[PDB]
Each structure stands twice: as C-alpha cells, then as structure tokens.
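Residue numbers (the UniProt record's numbering), protein chains in the order written: chain A, 18 to 176; chain B, 19 to 308; chain C, 1 to 165, 233 to 244. The beta-carbon is built from N, C-alpha and C at its ideal position, and this holds for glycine as well. Down below is the structure, laid out as structure tokens.
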Amino acid sequence: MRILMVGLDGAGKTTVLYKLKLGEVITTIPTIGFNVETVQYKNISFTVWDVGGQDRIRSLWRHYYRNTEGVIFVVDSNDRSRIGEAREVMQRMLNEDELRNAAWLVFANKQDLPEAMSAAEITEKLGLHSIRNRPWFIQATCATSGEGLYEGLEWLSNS
Amino acid sequence: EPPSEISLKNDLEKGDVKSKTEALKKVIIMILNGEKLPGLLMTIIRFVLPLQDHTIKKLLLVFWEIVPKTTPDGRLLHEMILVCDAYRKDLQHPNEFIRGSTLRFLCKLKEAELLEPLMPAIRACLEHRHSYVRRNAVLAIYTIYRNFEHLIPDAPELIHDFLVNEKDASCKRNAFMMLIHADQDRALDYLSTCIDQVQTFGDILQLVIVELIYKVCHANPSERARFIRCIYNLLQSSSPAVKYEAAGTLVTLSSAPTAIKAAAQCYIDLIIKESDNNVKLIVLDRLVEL
Amino acid sequence: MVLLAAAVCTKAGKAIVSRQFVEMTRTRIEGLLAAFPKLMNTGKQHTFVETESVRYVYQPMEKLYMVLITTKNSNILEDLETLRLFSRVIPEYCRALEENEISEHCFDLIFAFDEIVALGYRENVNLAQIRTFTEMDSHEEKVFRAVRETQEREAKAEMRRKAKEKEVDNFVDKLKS
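Below you can see the structure in the form of structure tokens.
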C-alpha cells in the first residue's frame with residue numbers, strides 16, 4: 018500500500034515520521050521530498066511518502082497520482098490555519114477517484130505542541146465529516162504522543 | 019497496442035536488481051543511441067528512493083550524469099530535489115567511501131537546486147578523515163569554480179588556510195592545482211615558505227608550480243631572488259621527470275651562455291642514458307627549435 | 001585533466017570502449033578520432049605517433065591497442081607504465097580479453113578509468129585494493145549493523161505496540244655579470 022503523509026513536512030511532520038521510523042526526530046533539514054519507508058504489517062508493507070505540501074511538491078505529485086491505499090494526514094494541531102484552506106484544496110483529492118481507495122486516518126499531531134480542536138471541530142473543518150465511501154473513523158496522535166492508533170489502522174487494512 | 023518497455027518492467031521484478039541490471043545494459047545501449055521513450059522513469063522513481071542496489075545506483079546515476087538532466091521535463095525531470103534528499107543523506111552518509119564515490123560522481127554532477135544545501139553538506143564531508151573524500155571535493159570544487167564558482171565565493175583563501183591544516187601529499191598536489199587556478203598568490207605566499215622544504219618532497223606537486231611561474235613573466239617580472247635561492251636548489255634535479263622538466267623550465271627562463279650549457283648537459287647525459295627513442299627525437303625537436 | 005579521453009581499442013578501425021571525460025561536442029571529435037584510429041593511416045609500425053601536436057598514444061597489445069591522447073608535453077615513462085599497466089589490469093577487471101567480457105563489465109571498466117586516473121594523475125597501485133574503494137567498502141556495514149539493529153529494536157517493540165494497540236654562487240655570479 019501506498020500511504021501518504023502530506024502537509025508540509027519539515028515541521029515535524031517529518032518528526033512524526035522519524036519518530037516512527039527510528040524512534041528519532043527531524044535530523045534533516047525540514048523535508049519537502051518523498052521520505053520512504055516501508056513498514057510491514059499483514060505484510061502489506063506500507064510505503065510511506067512523507068511529503069511536504071510545500072509549494073512545488075504539493076503542486077506536483079502526478080506521478081504519484083496513481084491509486085492510493087492508505088491515508089495519514091499528519092497534523093499540526095496548532096495549525097488550525099491552513100485547514101479551511103486545506104478543505105478548499107482537499108476537494109480536488111475528493112475529486113480524485115484514486116482517492117476513494119483507502120479506509121483512513123487523519124492523525125492529529127502536535128497536541129502537546131500548543132493545543133488541538135474538538136475531534137469533531139476539525140472533522141467538519143477539513144471537510145472530513147462528509148465521507149463515507151471510504152471509511153472514516155478518526156484518530157488523534159500528537160508528535161510526542163499517540164496510541165490506539167493502530168486500532169484505527171487495524172480496521173483500516175482490514176477494510 | 020502494448021510495448022517491451024513493459025517487458026523490461028516485469029523482468030526487473032522477476033529478478034530484482036539482477037534483471038534490472040540487464041535492463042540497465044539494454045537501456046544503456048538504448049540510451050547510447052540517444053533513444054528511449056519515457057515512462058520507466060516512473061518505475062525508477064518508485065522503487066529507487068526506497069531501494070539500495072548500490073552498483074545499480076551507480077549505474078543509474080552515471081546514466082543520469084552522462085545523459086542529460088536539463089531534460090525537456092525542465093531542466094530537471096522535476097524531482098531533482100526530492101530524491102536527492104536520500105542521496106544527500108548518502109552524500110552525508112557517515113559512510114565515507116559511499117560519500118566519496120558520490121563525490122566522484124558529484125564532480126561529474128552539477129545540478130544546482132540540489133547543490134545549495136549540499137554545499138553545506140559537502141563542507142561537512144571535507145572534515146571526514148578520509149583523504150579520498152576530501153580529494154574528491156577538490157575536483158568537485160574545481161567543477162564549481164567554472165560552473166558556479168560564486169556558489170561558493172570565499173573559497174580561495176579557505177582552501178589556502180585549509181592547506182595549512184592539511185598534510186596529505188596527494189591532496190596537496192591537488193590543492194595546488196586548483197589553487198593556482200583560483201589564484202596563484204596564495205600559492206606564492208606559501209611558495210615563499212616552502213622554498214627550502216621542497217627538496218625533501220615528492221615531485222608531483224612540485225611540477226605544478228613550474229607551469230604557473232611561466233605565464234606571469236612575459237606579462238611582467240622583477241621577482242627573482244627569492245626564487246633563485248630555491249632554483250639553485252632545484253639545480254640538483256634528479257628524477258627523470260624532474261630532470262626532464264628541470265632543464266626544460268630552465269631554458270624557458272633563461273638562455274645565458276652559461277644557461278645554454280646547463281641545460282645542454284642535462285640533455286646530453288639524458289640521451290645517453292636514454293632509451294626510448296621516441297623520447298630522444300622529441301628533445302631534438304626542441305633542440306631543433308633552439 | 002591530462003587526458004580528455006581514454007579509449008581502449010581493438011584493431012577494428014574501432015576502439016573497443018571509451019569514455020569521454022568531458023562532453024560538449026559530439027563523437028565527431030571522438031567520432032573523427034575513431035575513424036582516424038581505425039584507418040591507422042596505413043602507417044607501418046611504431047607504438048607512438050603524435051601528430052599535429054597531438055599525441056596519440058597507444059600500445060598495441062595484440063590486436064588491441066590501448067589509447068590515450070594528449071597534445072602538449074609530458075614525462076614519458078609514467079605514461080608507458082600506464083599503457084602497459086592497462087595491459088596488466090584487464091584480465092582482472094573485465095576478465096581476460098574478448099570484447100564481450102568487457103561488454104559485461106563495462107561499468108567496471110569505466111569505473112576503473114576514473115578510479116585509476118583522476119584526470120591524468122596516477123592514483124594508486126594494487127588492483128584488489130582498487131576494488132575496495134567502492135562496491136566493496138567497510139564503513140557502511142559497520143554503521144548498518146548497529147543502526148539497523150537499533151531501529152529494529154524500536155521496530156520490534158513497535159511491533160508489540162502496534163500489535164496490541233658555494234656552487235650556486237658560481238652560477239649566480241656568472242649570470243649576474
């Protein structure tokens with residue numbers, strides 16, 4: 018499965034990732050590009066593109082326009098900024114059809130790091146409330162917290 | 019309607035790397051013509067940031083290098099920044115050979131958006147205790163100096179101080195070669211310093227100075243003594259290379275009857291010693307000039 | 001540089017393999033060179049010819065020629081060593097001699113040019129050792145085991161988390244005068 022971590026990565030969106038991968042943290046320059054890992058479960062080995070949603074990189078991902086299989090949205094839960102705007106973008110994913118081949122997870126990260134919204138509050142706000150032709154249970158992490166994640170995921174590959 | 023591009027794609031799976039190798043060769047040959055039509059790029063793209071296969075990477079990489087890169091896609095295929103970050107890491111790689119090899123490549127490489135923080139990256143790599151790696155930077159830099167010298171601007175001195183830190187002859191030799199091309203002056207300052215020490219030392223680096231000195235006088239002189247002091251020491255002269263040059267430089271410098279004699283001798287003995295005829299002729303030719 | 005190309009040659013009017021240190025032009029520099037080489041200019045023997053201030057340096061080794069080219073002066077012996085040296089190296093590098101073997105180990109061979117010679121500089125000795133430098137390394141491994149492992153631990157653990165959750236002078240004076 019191709020699992021997607023998008024948003025601008027360098028924020029620790031990438032931290033979020035590095036934490037998974039080695040246990041470590043962003044010891045890279047804030048990272049625009051594909052970051053790749055394979056994580057093996059159900060031995061679907063999830064190939065993670067942790068990709069900055071920075072300008073080009075957001076702009077240009079067409080070769081990566083193919084067909085999805087897993088969704089992480091790694092979240093600045095202090096961002097409560099680009100999300101409406103995001104919602105406005107997000108529609109075009111919705112308007113993609115490759116994009117409807119994943120039972121997913123938005124991950125609320127960066128909770129400790131300032132705060133976060135109602136699990137619901139966000140849910141409408143990115144436009145998330147509105148799906149169903151993909152599952153849509155919700156899971157919070159932080160980026161110095163997160164557990165039960167895997168419940169979210171559990172259902173998800175086993176969709 | 020379908021094509022063998024695809025035929026290659028399955029092979030790659032089938033083997034892994036192995037099949038891919040085959041693919042590289044084919045591709046290569048295909049590439050060699052010019053020729054190709056795109057799409058495998060995607061494959062390449064897909065598997066390669068998440069894949070190893072070092073040799074293959076080396077093949078791949080080189081392929082990129084020889085082939086264009088300001089590809090009608092851009093400029094870049096357009097990912098020339100993203101993929102690099104792994105590579106940058108590799109370039110970062112603690113793994114010294116790996117960096118060095120990259121560097122080697124890198125000397126060949128010249129892709130700018132990628133370069134900029136790799137400028138930082140490279141700087142770190144210079145520190146690595148391996149002279150191979152460091153040396154490789156000397157080429158690389160050389161490559162910059164024409165392409166985007168400026169990219170780094172503080173360099174000529176930086177090098178020159180670096181020389182101070184330095185002591186690996188191999189690297190030194192290099193250091194000189196580039197240094198004079200950036201600026202002679204630094205070399206000269208050092209030259210002043212080195213003057214006595216030279217004799218002790220290995221030739222190759224010594225050679226490089228001989229060229230430099232030459233160009234400047236025809237434009238302007240007044241400089242002699244300091245040199246002379248050394249030069250006389252150089253009138254030991256003893257490697258066949260050294261000697262070969264040593265008389266040759268002399269004449270360049272001088273032609274006093276005494277000078278005429280000095281060089282002459284060197285030849286005559288030389289010849290006498292000499293064996294490769296091809297060589298012999300050559301000096302004549304000079305002589306013929308003379 | 002002290003060589004813009006090294007091309008290893010076979011008798012065929014054609015040079016069996018080559019590499020272009022610097023690209024700009026097209027083969028016509030190289031292509032033209034190839035043509036001339038194949039032609040040999042009927043010329044009888046002699047392992048060297050320089051003409052028009054261009055060294056064409058070669059060595060017959062058999063039906064094969066190994067070729068280097070240069071235009072302005074050089075110290076010979078060194079050079080020779082190399083031609084010869086090539087003639088030492090190949091059966092190791094690409095396996096013996098017949099184009100094919102080389103055809104398979106092209107990558108190896110080109111790699112050898114670079115490796116051997118960094119821009120007209122005689123880099124080392126010891127072929128095996130030469131292997132050593134890359135695609136044969138050491139550091140990377142050292143790092144990998146420890147690291148990979150460390151991560152792995154984190155991963156393993158994760159699996160659970162996941163799972164559940233005087234002289235001078237003589238001259239000098241004379242001159243000075």
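Simplified DSSP assignment, three categories, for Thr42(C): In the third sequence, the residue the question calls residue 42(C) occupies position 42. It is coil, neither helix nor strand.
CB of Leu197(B) within 8 Å of CB of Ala155(B), strictly: For the purposes of this step, residue 197(B) is taken as residue 179 along the second sequence, with counting starting at 1. For the purposes of this step, residue 155(B) is taken as residue 137 along the second sequence, with counting starting at 1. No, Cβ-Cβ distance for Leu197(B) and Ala155(B) is not below 8 Å.
Residues of the segment 134-160 of chain C whose Cβ lies closer than 9 Å to any Cβ of chain A, in chain order: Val147, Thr150, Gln151, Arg153, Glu154, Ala155, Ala157, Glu158 and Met159
Within chain A, partners of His96(B) - CB distance below 7 Å: Locating residue 96(B) in the second sequence gives position 78, counting from the first residue. Here the neighbours are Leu77.
CA nearest to the CA of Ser174(A), picked from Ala119(A), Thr48(A), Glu141(A) and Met134(A): For this step, residue 174(A) is matched to residue 157 along the first sequence. Just measuring C-alpha positions, the residue of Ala119(A), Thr48(A), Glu141(A) and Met134(A) sitting nearest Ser174(A) is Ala119(A).
Whole-Å CB distance - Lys190(B) paired with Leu223(B), under 8 Å assumed: In the second sequence, counting from the first residue as 1, residue 190(B) sits at position 172. In the second sequence, counting from the first residue as 1, residue 223(B) sits at position 205. Between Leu223(B) and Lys190(B) the Cβ distance is about 6 Å, and since that is below 8 Å, they are a contact.
Outcome for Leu242(C) when other beta-carbon atoms lying within 10 angstroms are tallied against a minimum of 16: Along the third sequence, read from residue 1 onward, the residue named residue 242(C) stands at position 175. So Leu242(C) counts as exposed.
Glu54(A) - containing beta strand (DSSP E), residue span: Working through the first sequence from its first residue, we reach residue 54(A) at position 37. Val53 to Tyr58 is the extent of the beta strand (DSSP E) around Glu54(A).
Test: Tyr262(B) CB closer than 8 Å to a CB of chain C: Mapped onto the second sequence, residue 262(B) falls at position 244. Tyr262(B) counts as touching chain C.
Chain-order list of residues whose beta-carbon lies under 8 Å from that of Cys9(C) (same chain, five-residue window excluded): Within the third sequence, residue 9(C) is the residue found at index 9, counting from 1. Hits under 8 Å: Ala15, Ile16, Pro37, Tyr58, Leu64, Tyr65, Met66 and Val67.
Counterpart residues of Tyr56(C) in DSSP-defined beta bridges: In the third sequence, residue 56(C) corresponds to position 56, counting from 1. BP columns for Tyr56(C) point to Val49(C) and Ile69(C).
Neighbourhood of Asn192(B) by C-beta distance below 7 Å, restricted to the same chain and skipping five residues each side: Within the second sequence, the letter at position 174 stands for residue 192(B). Contacts found: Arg153 and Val156.
Range of the contiguous beta strand (DSSP E) that encloses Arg26(C): Within the third sequence, numbered from 1, the residue matching residue 26(C) stands at position 26. Per DSSP, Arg26(C) belongs to no beta strand (DSSP E) and is neither H nor E.
Heavy atom of the ligand MN within 7 Å of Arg117(A) beta-carbon: No copy of the ligand MN occurs in the structure displayed, which carries no ligand at all.
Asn113(B) versus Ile140(B): straight-line alpha-carbon distance, rounded: In the second sequence, counting from the first residue as 1, residue 113(B) sits at position 95. In the second sequence, counting from the first residue as 1, residue 140(B) sits at position 122. Taking the straight line joining both Cα atoms gives about 13 Å.
First and last residue of the uninterrupted beta strand (DSSP E) at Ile61(A): For the purposes of this step, residue 61(A) is taken as the residue at position 44 of the first sequence. Start and end: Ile61 to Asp67.
Contact residues within the UniProt repeat "HEAT 3" (240-276) of chain B, judged by C-beta distance below 9 Å to chain A: none
CA-to-CA distance, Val226(B) to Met195(B), given in whole angstroms: Within the second sequence, numbered from 1, the residue matching residue 195(B) stands at position 177. Within the second sequence, numbered from 1, the residue matching residue 226(B) stands at position 208. Cα to Cα, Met195(B) sits roughly 6 Å from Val226(B).
Nearest-angstrom beta carbon gap, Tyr82(A) and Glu115(A) [assumed within contact, 8 Å]: Mapped onto the first sequence, residue 115(A) falls at position 98. Mapped onto the first sequence, residue 82(A) falls at position 65. Confirmed, Cβ separation roughly 6 Å.
Cutoff 7 Å; reference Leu170(A); Cβ partners in own chain excluding five residues on either side: Looking up residue 170(A) in the first sequence gives position 153. For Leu170(A), where only same-chain residues beyond five positions count, the Cβ hits under 7 Å are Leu122.
Among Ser119(B), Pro171(B), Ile62(B) and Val260(B), nearest to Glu134(B) - alpha-carbon criterion: Translated into the one-based positions of the second sequence, residue 134(B) becomes position 116. Nearest of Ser119(B), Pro171(B), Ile62(B) and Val260(B) to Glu134(B), Cα basis: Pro171(B).
Contact check, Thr161(A) vs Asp129(A), beta carbons under 8 Å: Working through the first sequence from its first residue, we reach residue 161(A) at position 144. Working through the first sequence from its first residue, we reach residue 129(A) at position 112. Yes, they are a contact pair.
Within-8 Å CB hit, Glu165(C) to chain A: Position 165 of the third sequence, counting from 1, holds the residue named residue 165(C). Judged by the 8 Å Cβ criterion, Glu165(C) is in contact with chain A.
Beta carbon of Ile49(A) nearer than 8 Å to that of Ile63(B): Taking the first sequence and counting its residues from 1, the one referred to as residue 49(A) is at position 32. Taking the second sequence and counting its residues from 1, the one referred to as residue 63(B) is at position 45. No.
Within chain C, partners of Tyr150(B) - CB distance below 8 Å: Position 132 of the second sequence holds residue 150(B). Those are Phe133, listed as they occur along chain C.
Closer than 8 Å to chain B by CB, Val53(A): By 1-based counting over the first sequence, the position of residue 53(A) is 36. Cβ-Cβ to chain B under 8 Å: yes for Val53(A).
Assigned secondary structure, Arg161(C) (DSSP; H/G/I helix, E/B strand, else coil): In the third sequence, counting from the first residue as 1, residue 161(C) sits at position 161. Three-state result, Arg161(C): helix.
Cα-Cα separation between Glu132(A) and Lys36(A), rounded to whole angstroms: Locating residue 132(A) in the first sequence gives position 115, where the first residue counts as 1. Locating residue 36(A) in the first sequence gives position 19, where the first residue counts as 1. Cα to Cα, the separation comes out at about 20 Å.
is_contact[residue 310(B), chain C] using C-beta, thresh 8 Å: Nothing can be reported for residue 310(B), as the shown portion of chain B is limited to 19 through 308.
Nearest-angstrom Cβ-Cβ length linking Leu25(A) and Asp67(A), presumed shorter than 8 Å: If you number the first sequence from 1, residue 25(A) lands on position 8. If you number the first sequence from 1, residue 67(A) lands on position 50. Rounded, the Cβ-Cβ distance is 11 Å, inconsistent with contact.
Collapsed DSSP secondary structure at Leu78(B) in the structure displayed: Indexing the second sequence from 1 puts residue 78(B) at position 60. Three-state DSSP puts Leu78(B) in a helix.
Contact check, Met137(B) vs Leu181(B), beta carbons under 8 Å: Numbered from 1 along the second sequence, position 119 holds the residue referred to as residue 137(B). Numbered from 1 along the second sequence, position 163 holds the residue referred to as residue 181(B). No, Cβ-Cβ distance for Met137(B) and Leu181(B) is not below 8 Å.
Other residues of its chain near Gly144(A): CB distance less than 6 Å, five sequence neighbours each side excluded: Translated into positions along the first sequence, residue 144(A) becomes position 127. Closer than 6 Å at Cβ, skipping near neighbours: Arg104 and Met107.
Chain C contacts from the segment 285-299 of chain B (Cβ-Cβ distance under 9 Å): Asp294, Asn296 and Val297
Unbroken beta strand (DSSP E) run spanning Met22(A), endpoints: The residue given as residue 22(A) occupies position 5 in the first sequence. That run of the beta strand (DSSP E) goes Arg19 to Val23.
Neighbourhood of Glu131(B) by C-beta, 6 Å cutoff - its chain only, sequence neighbours within 5 removed: Looking up residue 131(B) in the second sequence gives position 113. Excluding residues within five positions, the ones whose Cβ falls inside 6 Å are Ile99.
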